[PDB]
Each structure stands twice: as structure tokens, then as C-alpha cells.
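File shown here: structure_39.cif, holding mmCIF, N, CA and C atoms.
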```cif
data_upload
loop_
_atom_site.label_atom_id
_atom_site.label_comp_id
_atom_site.auth_asym_id
_atom_site.auth_seq_id
_atom_site.Cartn_x
_atom_site.Cartn_y
_atom_site.Cartn_z
N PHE C 1 4.02 3.44 -20.62
CA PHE C 1 3.77 2.17 -19.88
C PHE C 1 5.10 1.59 -19.36
N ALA C 2 5.66 2.17 -18.31
CA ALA C 2 6.95 1.64 -17.77
C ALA C 2 6.95 1.71 -16.24
N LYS C 3 6.86 2.90 -15.67
CA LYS C 3 6.85 3.02 -14.18
C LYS C 3 5.52 3.62 -13.70
N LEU C 4 5.34 3.76 -12.40
CA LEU C 4 4.06 4.34 -11.89
C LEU C 4 4.34 5.24 -10.67
N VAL C 5 3.67 6.38 -10.58
CA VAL C 5 3.91 7.28 -9.41
C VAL C 5 2.64 7.38 -8.55
N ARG C 6 2.77 7.62 -7.26
CA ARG C 6 1.56 7.72 -6.39
C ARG C 6 1.74 8.84 -5.36
N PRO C 7 1.40 10.05 -5.73
CA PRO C 7 1.54 11.20 -4.80
C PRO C 7 0.46 11.13 -3.71
N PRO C 8 0.77 11.66 -2.54
CA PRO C 8 -0.22 11.65 -1.43
C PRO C 8 -1.35 12.65 -1.70
N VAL C 9 -2.26 12.83 -0.77
CA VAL C 9 -3.38 13.81 -1.01
C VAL C 9 -3.85 14.43 0.32
N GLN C 10 -3.80 15.74 0.44
CA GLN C 10 -4.25 16.40 1.71
C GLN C 10 -4.27 17.93 1.53
N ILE C 11 -5.33 18.61 1.98
CA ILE C 11 -5.41 20.11 1.83
C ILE C 11 -5.36 20.50 0.34
N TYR C 12 -6.34 21.25 -0.15
CA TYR C 12 -6.35 21.60 -1.61
C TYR C 12 -6.86 23.03 -1.81
N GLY C 13 -8.07 23.34 -1.37
CA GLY C 13 -8.59 24.73 -1.56
C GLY C 13 -10.08 24.80 -1.18
N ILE C 14 -10.98 24.65 -2.14
CA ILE C 14 -12.46 24.72 -1.81
C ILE C 14 -12.79 23.80 -0.61
N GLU C 15 -12.15 22.66 -0.51
CA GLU C 15 -12.45 21.76 0.66
C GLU C 15 -11.86 22.38 1.94
N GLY C 16 -10.68 22.98 1.86
CA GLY C 16 -10.09 23.61 3.07
C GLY C 16 -10.94 24.83 3.45
N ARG C 17 -11.35 25.63 2.48
CA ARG C 17 -12.20 26.83 2.81
C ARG C 17 -13.49 26.41 3.53
N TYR C 18 -13.98 25.20 3.32
CA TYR C 18 -15.24 24.78 4.03
C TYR C 18 -15.00 24.80 5.54
N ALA C 19 -13.89 24.25 6.00
CA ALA C 19 -13.61 24.27 7.47
C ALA C 19 -13.16 25.67 7.89
N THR C 20 -12.37 26.35 7.08
CA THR C 20 -11.93 27.73 7.47
C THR C 20 -13.07 28.74 7.32
N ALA C 21 -14.03 28.52 6.44
CA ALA C 21 -15.16 29.49 6.34
C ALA C 21 -16.18 29.25 7.47
N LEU C 22 -16.17 28.08 8.10
CA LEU C 22 -17.12 27.84 9.23
C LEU C 22 -16.38 28.07 10.54
N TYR C 23 -15.17 27.57 10.66
CA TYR C 23 -14.41 27.81 11.92
C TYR C 23 -13.87 29.26 11.93
N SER C 24 -13.83 29.97 10.79
CA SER C 24 -13.33 31.40 10.83
C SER C 24 -14.09 32.15 11.93
N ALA C 25 -15.39 31.91 12.05
CA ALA C 25 -16.16 32.55 13.16
C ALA C 25 -15.76 31.83 14.46
N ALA C 26 -15.64 30.51 14.42
CA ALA C 26 -15.22 29.75 15.66
C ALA C 26 -13.89 30.30 16.19
N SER C 27 -12.95 30.63 15.32
CA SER C 27 -11.62 31.19 15.80
C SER C 27 -11.87 32.40 16.71
N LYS C 28 -12.83 33.25 16.36
CA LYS C 28 -13.12 34.44 17.24
C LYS C 28 -13.86 33.97 18.50
N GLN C 29 -14.73 32.98 18.40
CA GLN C 29 -15.45 32.50 19.63
C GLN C 29 -14.68 31.37 20.34
N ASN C 30 -13.45 31.05 19.92
CA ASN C 30 -12.67 29.96 20.60
C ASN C 30 -13.39 28.61 20.43
N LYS C 31 -13.91 28.33 19.25
CA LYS C 31 -14.61 27.03 19.04
C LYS C 31 -13.74 26.04 18.23
N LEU C 32 -12.48 26.36 17.92
CA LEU C 32 -11.60 25.40 17.14
C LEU C 32 -11.72 23.99 17.73
N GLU C 33 -11.84 23.87 19.04
CA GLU C 33 -12.02 22.51 19.65
C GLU C 33 -13.48 22.08 19.43
N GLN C 34 -14.42 22.99 19.60
CA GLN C 34 -15.87 22.63 19.36
C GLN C 34 -16.10 22.28 17.88
N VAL C 35 -15.32 22.82 16.96
CA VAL C 35 -15.55 22.49 15.52
C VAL C 35 -14.55 21.42 15.04
N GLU C 36 -13.31 21.45 15.50
CA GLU C 36 -12.32 20.41 15.04
C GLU C 36 -12.63 19.04 15.66
N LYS C 37 -13.20 18.99 16.85
CA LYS C 37 -13.50 17.65 17.48
C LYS C 37 -14.83 17.09 16.97
N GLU C 38 -15.83 17.92 16.73
CA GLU C 38 -17.12 17.37 16.22
C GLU C 38 -16.96 16.98 14.74
N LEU C 39 -16.25 17.78 13.96
CA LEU C 39 -16.05 17.41 12.51
C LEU C 39 -15.36 16.04 12.42
N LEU C 40 -14.43 15.74 13.31
CA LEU C 40 -13.75 14.40 13.25
C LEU C 40 -14.79 13.27 13.31
N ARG C 41 -15.88 13.45 14.04
CA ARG C 41 -16.93 12.37 14.11
C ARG C 41 -17.45 12.05 12.70
N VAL C 42 -17.65 13.06 11.87
CA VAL C 42 -18.16 12.78 10.48
C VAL C 42 -17.15 11.88 9.73
N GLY C 43 -15.86 12.10 9.92
CA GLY C 43 -14.85 11.24 9.22
C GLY C 43 -14.94 9.81 9.77
N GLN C 44 -15.05 9.65 11.08
CA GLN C 44 -15.15 8.26 11.65
C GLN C 44 -16.48 7.62 11.22
N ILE C 45 -17.56 8.38 11.20
CA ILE C 45 -18.88 7.79 10.77
C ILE C 45 -18.76 7.26 9.33
N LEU C 46 -18.09 7.99 8.45
CA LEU C 46 -17.93 7.47 7.05
C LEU C 46 -16.78 6.45 7.01
N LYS C 47 -15.77 6.60 7.84
CA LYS C 47 -14.66 5.59 7.84
C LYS C 47 -15.16 4.28 8.46
N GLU C 48 -16.13 4.34 9.37
CA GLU C 48 -16.64 3.07 9.99
C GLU C 48 -17.07 2.08 8.89
N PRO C 49 -16.71 0.82 9.04
CA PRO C 49 -17.07 -0.19 8.01
C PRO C 49 -18.57 -0.50 8.04
N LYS C 50 -19.20 -0.49 9.20
CA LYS C 50 -20.68 -0.77 9.24
C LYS C 50 -21.44 0.49 8.82
N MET C 51 -20.95 1.66 9.19
CA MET C 51 -21.65 2.93 8.79
C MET C 51 -21.23 3.35 7.37
N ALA C 52 -20.04 3.00 6.92
CA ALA C 52 -19.62 3.41 5.52
C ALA C 52 -20.63 2.90 4.49
N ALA C 53 -21.15 1.70 4.66
CA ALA C 53 -22.16 1.17 3.67
C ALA C 53 -23.44 2.02 3.72
N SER C 54 -23.87 2.43 4.90
CA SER C 54 -25.12 3.27 4.98
C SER C 54 -24.89 4.63 4.30
N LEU C 55 -23.73 5.22 4.45
CA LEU C 55 -23.48 6.55 3.78
C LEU C 55 -23.31 6.38 2.26
N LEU C 56 -22.75 5.28 1.81
CA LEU C 56 -22.58 5.07 0.33
C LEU C 56 -23.78 4.31 -0.29
N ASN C 57 -24.63 3.68 0.51
CA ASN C 57 -25.80 2.93 -0.09
C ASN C 57 -26.58 3.81 -1.07
N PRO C 58 -27.15 3.20 -2.10
CA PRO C 58 -27.95 3.97 -3.08
C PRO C 58 -29.38 4.25 -2.57
N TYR C 59 -29.74 3.82 -1.37
CA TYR C 59 -31.12 4.09 -0.85
C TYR C 59 -31.14 5.40 -0.05
N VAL C 60 -30.06 5.76 0.63
CA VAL C 60 -30.05 7.05 1.42
C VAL C 60 -30.50 8.24 0.53
N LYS C 61 -30.24 8.19 -0.77
CA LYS C 61 -30.66 9.32 -1.68
C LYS C 61 -30.04 10.64 -1.21
N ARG C 62 -30.47 11.76 -1.76
CA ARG C 62 -29.89 13.08 -1.34
C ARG C 62 -30.90 13.85 -0.47
N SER C 63 -32.09 14.10 -0.98
CA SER C 63 -33.11 14.85 -0.16
C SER C 63 -33.38 14.08 1.15
N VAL C 64 -33.51 12.77 1.08
CA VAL C 64 -33.75 11.99 2.34
C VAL C 64 -32.51 12.10 3.24
N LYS C 65 -31.32 12.04 2.67
CA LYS C 65 -30.08 12.15 3.52
C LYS C 65 -30.08 13.48 4.30
N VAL C 66 -30.60 14.55 3.72
CA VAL C 66 -30.61 15.86 4.46
C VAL C 66 -31.39 15.70 5.77
N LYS C 67 -32.52 15.02 5.75
CA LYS C 67 -33.29 14.83 7.03
C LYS C 67 -32.52 13.86 7.93
N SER C 68 -31.96 12.80 7.38
CA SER C 68 -31.17 11.84 8.23
C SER C 68 -29.99 12.58 8.88
N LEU C 69 -29.37 13.52 8.18
CA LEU C 69 -28.22 14.27 8.80
C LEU C 69 -28.74 15.09 9.99
N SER C 70 -29.75 15.91 9.79
CA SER C 70 -30.29 16.72 10.94
C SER C 70 -30.83 15.77 12.02
N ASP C 71 -31.49 14.69 11.64
CA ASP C 71 -32.02 13.73 12.67
C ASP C 71 -30.86 12.97 13.37
N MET C 72 -29.66 12.96 12.81
CA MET C 72 -28.53 12.26 13.50
C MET C 72 -27.86 13.29 14.42
N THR C 73 -27.63 14.49 13.92
CA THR C 73 -27.02 15.56 14.78
C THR C 73 -27.89 15.75 16.04
N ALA C 74 -29.21 15.65 15.93
CA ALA C 74 -30.08 15.81 17.15
C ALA C 74 -29.67 14.80 18.23
N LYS C 75 -29.34 13.58 17.84
CA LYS C 75 -28.91 12.56 18.86
C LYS C 75 -27.39 12.67 19.10
N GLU C 76 -26.62 13.02 18.08
CA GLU C 76 -25.13 13.14 18.29
C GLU C 76 -24.78 14.31 19.24
N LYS C 77 -25.70 15.24 19.50
CA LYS C 77 -25.38 16.39 20.40
C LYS C 77 -24.19 17.18 19.84
N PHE C 78 -24.21 17.50 18.56
CA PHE C 78 -23.06 18.27 17.96
C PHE C 78 -22.83 19.58 18.73
N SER C 79 -21.96 20.44 18.24
CA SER C 79 -21.69 21.72 18.96
C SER C 79 -22.30 22.88 18.17
N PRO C 80 -22.11 24.09 18.65
CA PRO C 80 -22.67 25.25 17.93
C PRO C 80 -21.98 25.49 16.57
N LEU C 81 -20.84 24.88 16.31
CA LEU C 81 -20.19 25.08 14.98
C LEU C 81 -20.25 23.79 14.17
N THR C 82 -21.19 22.90 14.44
CA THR C 82 -21.23 21.63 13.66
C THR C 82 -22.66 21.23 13.26
N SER C 83 -23.61 22.16 13.22
CA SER C 83 -24.98 21.80 12.77
C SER C 83 -25.37 22.72 11.60
N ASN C 84 -24.40 23.01 10.75
CA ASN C 84 -24.62 23.87 9.55
C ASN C 84 -23.65 23.35 8.48
N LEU C 85 -22.36 23.37 8.78
CA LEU C 85 -21.37 22.77 7.84
C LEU C 85 -21.75 21.29 7.61
N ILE C 86 -22.40 20.63 8.58
CA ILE C 86 -22.79 19.20 8.37
C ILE C 86 -23.72 19.09 7.15
N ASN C 87 -24.62 20.04 6.96
CA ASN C 87 -25.53 19.96 5.76
C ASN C 87 -24.69 20.05 4.48
N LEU C 88 -23.82 21.04 4.38
CA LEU C 88 -22.95 21.17 3.15
C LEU C 88 -22.26 19.84 2.84
N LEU C 89 -21.80 19.12 3.85
CA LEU C 89 -21.13 17.80 3.58
C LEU C 89 -22.14 16.86 2.91
N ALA C 90 -23.37 16.84 3.38
CA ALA C 90 -24.39 15.95 2.75
C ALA C 90 -25.38 16.79 1.91
N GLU C 91 -24.95 17.91 1.36
CA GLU C 91 -25.89 18.74 0.53
C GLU C 91 -25.66 18.49 -0.96
N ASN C 92 -24.42 18.44 -1.41
CA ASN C 92 -24.16 18.19 -2.86
C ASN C 92 -23.41 16.86 -3.07
N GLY C 93 -23.63 15.87 -2.23
CA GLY C 93 -22.93 14.57 -2.40
C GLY C 93 -21.47 14.75 -1.96
N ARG C 94 -21.25 15.34 -0.80
CA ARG C 94 -19.84 15.53 -0.33
C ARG C 94 -19.49 14.53 0.78
N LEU C 95 -20.03 13.33 0.74
CA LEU C 95 -19.67 12.33 1.80
C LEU C 95 -18.69 11.28 1.23
N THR C 96 -17.90 11.64 0.24
CA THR C 96 -16.90 10.69 -0.33
C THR C 96 -15.51 11.16 0.13
N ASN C 97 -15.18 12.41 -0.13
CA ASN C 97 -13.88 12.96 0.35
C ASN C 97 -14.14 13.87 1.56
N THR C 98 -15.08 13.51 2.43
CA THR C 98 -15.36 14.38 3.62
C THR C 98 -14.22 14.37 4.68
N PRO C 99 -13.48 13.27 4.84
CA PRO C 99 -12.40 13.28 5.86
C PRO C 99 -11.27 14.23 5.43
N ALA C 100 -10.97 14.32 4.14
CA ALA C 100 -9.89 15.27 3.69
C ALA C 100 -10.23 16.70 4.13
N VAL C 101 -11.50 17.09 4.07
CA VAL C 101 -11.87 18.48 4.51
C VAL C 101 -11.59 18.65 6.01
N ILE C 102 -11.84 17.64 6.81
CA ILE C 102 -11.56 17.77 8.29
C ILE C 102 -10.05 17.89 8.53
N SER C 103 -9.23 17.15 7.80
CA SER C 103 -7.74 17.26 8.01
C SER C 103 -7.28 18.70 7.77
N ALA C 104 -7.75 19.33 6.71
CA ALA C 104 -7.34 20.76 6.45
C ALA C 104 -7.69 21.64 7.68
N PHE C 105 -8.76 21.34 8.39
CA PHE C 105 -9.13 22.16 9.59
C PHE C 105 -7.96 22.18 10.59
N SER C 106 -7.35 21.04 10.84
CA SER C 106 -6.19 21.02 11.81
C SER C 106 -5.06 21.91 11.29
N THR C 107 -4.78 21.87 10.00
CA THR C 107 -3.68 22.74 9.45
C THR C 107 -4.12 24.21 9.48
N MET C 108 -5.38 24.50 9.19
CA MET C 108 -5.83 25.93 9.24
C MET C 108 -5.86 26.41 10.70
N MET C 109 -6.25 25.55 11.63
CA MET C 109 -6.28 25.98 13.07
C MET C 109 -4.87 26.42 13.50
N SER C 110 -3.83 25.73 13.09
CA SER C 110 -2.44 26.18 13.50
C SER C 110 -2.21 27.65 13.10
N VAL C 111 -2.78 28.09 11.99
CA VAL C 111 -2.58 29.53 11.58
C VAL C 111 -3.44 30.48 12.44
N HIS C 112 -4.44 29.99 13.16
CA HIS C 112 -5.26 30.91 14.00
C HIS C 112 -4.58 31.11 15.38
N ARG C 113 -3.72 30.20 15.81
CA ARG C 113 -3.06 30.39 17.15
C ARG C 113 -1.66 31.01 16.99
N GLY C 114 -0.96 30.74 15.91
CA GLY C 114 0.41 31.32 15.73
C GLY C 114 0.36 32.86 15.81
N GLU C 115 -0.70 33.48 15.33
CA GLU C 115 -0.77 34.98 15.40
C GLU C 115 -1.74 35.42 16.52
N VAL C 116 -1.72 34.75 17.65
CA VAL C 116 -2.64 35.14 18.77
C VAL C 116 -1.97 34.87 20.13
N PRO C 117 -1.29 35.87 20.65
CA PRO C 117 -0.61 35.71 21.96
C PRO C 117 -1.64 35.68 23.10
N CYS C 118 -1.75 34.58 23.82
CA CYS C 118 -2.74 34.51 24.94
C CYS C 118 -2.17 33.68 26.10
N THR C 119 -0.99 34.02 26.58
CA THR C 119 -0.39 33.24 27.71
C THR C 119 0.32 34.20 28.69
N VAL C 120 0.16 34.00 29.98
CA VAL C 120 0.84 34.89 30.96
C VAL C 120 1.39 34.07 32.13
N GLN J 1 -22.00 15.97 -15.26
CA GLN J 1 -21.07 16.02 -14.10
C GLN J 1 -21.76 16.67 -12.89
N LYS J 2 -21.21 16.51 -11.71
CA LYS J 2 -21.85 17.12 -10.50
C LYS J 2 -20.90 18.15 -9.87
N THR J 3 -20.80 19.33 -10.45
CA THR J 3 -19.89 20.37 -9.87
C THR J 3 -20.54 21.76 -9.99
N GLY J 4 -20.02 22.75 -9.29
CA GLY J 4 -20.62 24.12 -9.37
C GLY J 4 -20.68 24.73 -7.96
N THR J 5 -19.54 24.97 -7.34
CA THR J 5 -19.55 25.57 -5.97
C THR J 5 -18.84 26.93 -5.99
N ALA J 6 -19.19 27.83 -5.08
CA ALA J 6 -18.53 29.17 -5.06
C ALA J 6 -18.30 29.61 -3.60
N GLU J 7 -17.54 28.85 -2.83
CA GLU J 7 -17.29 29.23 -1.40
C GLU J 7 -18.62 29.42 -0.66
N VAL J 8 -19.54 28.48 -0.80
CA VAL J 8 -20.86 28.62 -0.10
C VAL J 8 -20.63 28.73 1.42
N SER J 9 -19.72 27.95 1.97
CA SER J 9 -19.46 28.05 3.45
C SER J 9 -19.03 29.48 3.82
N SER J 10 -18.31 30.16 2.94
CA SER J 10 -17.88 31.57 3.27
C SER J 10 -19.12 32.48 3.34
N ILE J 11 -19.93 32.52 2.30
CA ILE J 11 -21.15 33.40 2.36
C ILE J 11 -22.05 32.99 3.54
N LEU J 12 -22.07 31.73 3.93
CA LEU J 12 -22.93 31.32 5.10
C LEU J 12 -22.41 31.98 6.39
N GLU J 13 -21.11 32.09 6.56
CA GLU J 13 -20.57 32.73 7.81
C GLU J 13 -21.10 34.17 7.93
N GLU J 14 -21.16 34.91 6.84
CA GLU J 14 -21.69 36.32 6.92
C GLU J 14 -23.14 36.32 7.42
N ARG J 15 -23.95 35.37 6.98
CA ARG J 15 -25.39 35.34 7.44
C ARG J 15 -25.46 35.13 8.97
N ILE J 16 -24.58 34.33 9.54
CA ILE J 16 -24.63 34.11 11.03
C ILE J 16 -23.92 35.26 11.78
N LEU J 17 -22.89 35.85 11.21
CA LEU J 17 -22.18 36.96 11.91
C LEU J 17 -22.05 38.18 10.99
N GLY J 18 -21.28 38.08 9.92
CA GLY J 18 -21.13 39.24 8.99
C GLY J 18 -20.51 40.42 9.74
N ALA J 19 -19.28 40.30 10.20
CA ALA J 19 -18.63 41.43 10.93
C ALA J 19 -17.22 41.69 10.38
N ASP J 20 -17.04 41.61 9.08
CA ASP J 20 -15.69 41.86 8.49
C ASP J 20 -15.81 42.44 7.07
N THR J 21 -15.64 43.74 6.92
CA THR J 21 -15.75 44.34 5.55
C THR J 21 -14.61 45.35 5.33
N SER J 22 -14.09 45.44 4.12
CA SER J 22 -12.98 46.41 3.85
C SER J 22 -13.12 47.00 2.44
N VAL J 23 -14.30 47.49 2.08
CA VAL J 23 -14.50 48.08 0.72
C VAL J 23 -14.05 47.09 -0.37
N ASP J 24 -14.86 46.09 -0.67
CA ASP J 24 -14.46 45.10 -1.72
C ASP J 24 -15.67 44.76 -2.61
N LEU J 25 -15.66 45.14 -3.87
CA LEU J 25 -16.81 44.83 -4.76
C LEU J 25 -16.30 44.25 -6.09
#
```
Can I see the file as C-alpha cells?
Amino acid sequence: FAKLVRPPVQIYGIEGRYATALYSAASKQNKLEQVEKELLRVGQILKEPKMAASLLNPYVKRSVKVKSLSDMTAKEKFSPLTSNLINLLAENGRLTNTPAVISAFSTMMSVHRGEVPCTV
Amino acid sequence: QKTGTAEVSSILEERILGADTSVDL
């Protein structure tokens, strides 16, 4: 009981593999923008102060949230790489640290372009 | 507690494409 430390938090492993295991196919189809830009919307939807209460409210439940997620993506017009990983985020109660998983996507995307020469 | 995951997003990619194997069991 004397001093206190506060380390930052970003990129870890199972959360980073969620974006790299879904965008790994996007890297071959050139969807890093289709998956990195749509995933950011999930972080803003939970970061929003009016929407943050709806995602953390105890009434959304889990089975009901699965239908609300698919019924929201239908109006959000997500991309071909954002209507599957979205369920995993709301499948096992993963809407608390969901923005940290999107940040790892930007760091993993840098490793998909560094080893891919495509300029003339 | 609420835990128990095994790279589910990785196995899901194989179901949609599954085009990368190198003798691994």
C-alpha cells in the first residue's frame, strides 16, 4: 500500500485472432477496408452514450440480442466480411471489450500489406 | 465464470473458404 501503476491495454491474442481469423480471408479478397471500416461501427455503437446503455441493459438478454444483431446489420448494410464475426461479438457476451478487438485489426492489417508488393 | 473459447473465428473461416492446409494433425 504505497504507490500505484496503470499499464495501458491493446492487442492480446484470442481477441486479435477474431479479426485476423475473419479478415485472413478478407486479406486475400482485399476486404481489409470492407472489414476494418465496418468493424469500427460496432465500437462506436457501444461507445455511443445513448446506445451504450442499450448494449449493457439487462433486458437485451443473450438469445434476444442475437436476433437484434442480425436485425441491425440488415439496416446497417454491413459488408461481406461483417455479418458473421458480428454474431461472435454478441454470441458469448463479447460486447464489453469489443473495441479492443477492432484495434488489433488495424495492427494485423499492417502485416498483410508489408509482405505484398502491389505498386507500379 | 463465463469462459471457454478455442479460436472459433479461425474454424469459421475454413467453413466459408477452407483453402490452406500443410499436413497438420
Per residue of chain C within 7 Å of chain J, record the nearest atom pair and its distance in Å to one decimal, counting all atoms listed in the file, with rows in chain order and ascending residue number, as a Markdown table.
```
| residue | atom | partner | partner_atom | distance |
| --- | --- | --- | --- | --- |
| C:14 | CA | J:7 | CA | 6.6 |
| C:17 | C | J:10 | N | 6.1 |
| C:18 | CA | J:9 | CA | 5.4 |
| C:20 | C | J:10 | CA | 6.9 |
| C:21 | CA | J:10 | CA | 4.6 |
| C:22 | N | J:9 | C | 5.3 |
| C:25 | N | J:13 | CA | 6.7 |
```
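Between CA of residue 13 (chain C) and CA of residue 45 (chain C) the interatomic distance comes to 23.3 Å.
The two atoms in question, CA of residue 48 (chain C) and CA of residue 79 (chain C), are spaced 21.3 Å apart.
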From CA of residue 34 (chain C) to CA of residue 108 (chain C) the spacing works out at 14.6 Å
Exercise for review: Going by DSSP on the backbone, which bits of chain C are alpha helix (DSSP H)? Write them as number ranges by chain, please.
Suggested key: C: 14-29, 32-47, 49-56, 63-76, 85-89, 98-114
Please give the centre and size of the box around region 97-107 of chain C (axis-aligned, containing every atom listed in the file, 5 Å added per side), with values in Å to one decimal and written as JSON.
```
{"center_x": -9.5, "center_y": 18.3, "center_z": 5.8, "size_x": 21.7, "size_y": 21.8, "size_z": 21.9}
```
Residue completion, region 7-22 of chain J, N, CA, C and O atoms, as a CSV table (one decimal), in the coordinates of the input:
```
chain,number,residue,atom,x,y,z
J,7,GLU,N,-17.5,28.8,-2.8
J,7,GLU,CA,-17.3,29.2,-1.4
J,7,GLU,C,-18.6,29.4,-0.7
J,7,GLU,O,-18.8,30.4,0.0
J,8,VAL,N,-19.5,28.5,-0.8
J,8,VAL,CA,-20.9,28.6,-0.1
J,8,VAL,C,-20.6,28.7,1.4
J,8,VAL,O,-21.3,29.5,2.1
J,9,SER,N,-19.7,28.0,2.0
J,9,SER,CA,-19.5,28.0,3.4
J,9,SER,C,-19.0,29.5,3.8
J,9,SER,O,-19.3,30.0,4.9
J,10,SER,N,-18.3,30.2,2.9
J,10,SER,CA,-17.9,31.6,3.3
J,10,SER,C,-19.1,32.5,3.3
J,10,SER,O,-19.3,33.1,4.3
J,11,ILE,N,-19.9,32.5,2.3
J,11,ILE,CA,-21.2,33.4,2.4
J,11,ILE,C,-22.0,33.0,3.5
J,11,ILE,O,-22.7,33.8,4.1
J,12,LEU,N,-22.1,31.7,3.9
J,12,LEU,CA,-22.9,31.3,5.1
J,12,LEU,C,-22.4,32.0,6.4
J,12,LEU,O,-23.2,32.4,7.2
J,13,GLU,N,-21.1,32.1,6.6
J,13,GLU,CA,-20.6,32.7,7.8
J,13,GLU,C,-21.1,34.2,7.9
J,13,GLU,O,-21.5,34.6,9.0
J,14,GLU,N,-21.2,34.9,6.8
J,14,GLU,CA,-21.7,36.3,6.9
J,14,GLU,C,-23.1,36.3,7.4
J,14,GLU,O,-23.5,37.2,8.2
J,15,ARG,N,-24.0,35.4,7.0
J,15,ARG,CA,-25.4,35.3,7.4
J,15,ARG,C,-25.5,35.1,9.0
J,15,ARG,O,-26.3,35.7,9.6
J,16,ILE,N,-24.6,34.3,9.5
J,16,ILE,CA,-24.6,34.1,11.0
J,16,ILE,C,-23.9,35.3,11.8
J,16,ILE,O,-24.3,35.6,12.9
J,17,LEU,N,-22.9,35.8,11.2
J,17,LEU,CA,-22.2,37.0,11.9
J,17,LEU,C,-22.0,38.2,11.0
J,17,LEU,O,-22.6,39.2,11.2
J,18,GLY,N,-21.3,38.1,9.9
J,18,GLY,CA,-21.1,39.2,9.0
J,18,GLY,C,-20.5,40.4,9.7
J,18,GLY,O,-21.1,41.4,9.9
J,19,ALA,N,-19.3,40.3,10.2
J,19,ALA,CA,-18.6,41.4,10.9
J,19,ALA,C,-17.2,41.7,10.4
J,19,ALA,O,-16.3,42.0,11.1
J,20,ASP,N,-17.0,41.6,9.1
J,20,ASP,CA,-15.7,41.9,8.5
J,20,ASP,C,-15.8,42.4,7.1
J,20,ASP,O,-16.0,41.7,6.1
J,21,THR,N,-15.6,43.7,6.9
J,21,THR,CA,-15.8,44.3,5.6
J,21,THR,C,-14.6,45.4,5.3
J,21,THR,O,-14.2,46.0,6.2
J,22,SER,N,-14.1,45.4,4.1
J,22,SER,CA,-13.0,46.4,3.8
J,22,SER,C,-13.1,47.0,2.4
J,22,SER,O,-12.2,47.0,1.7
```
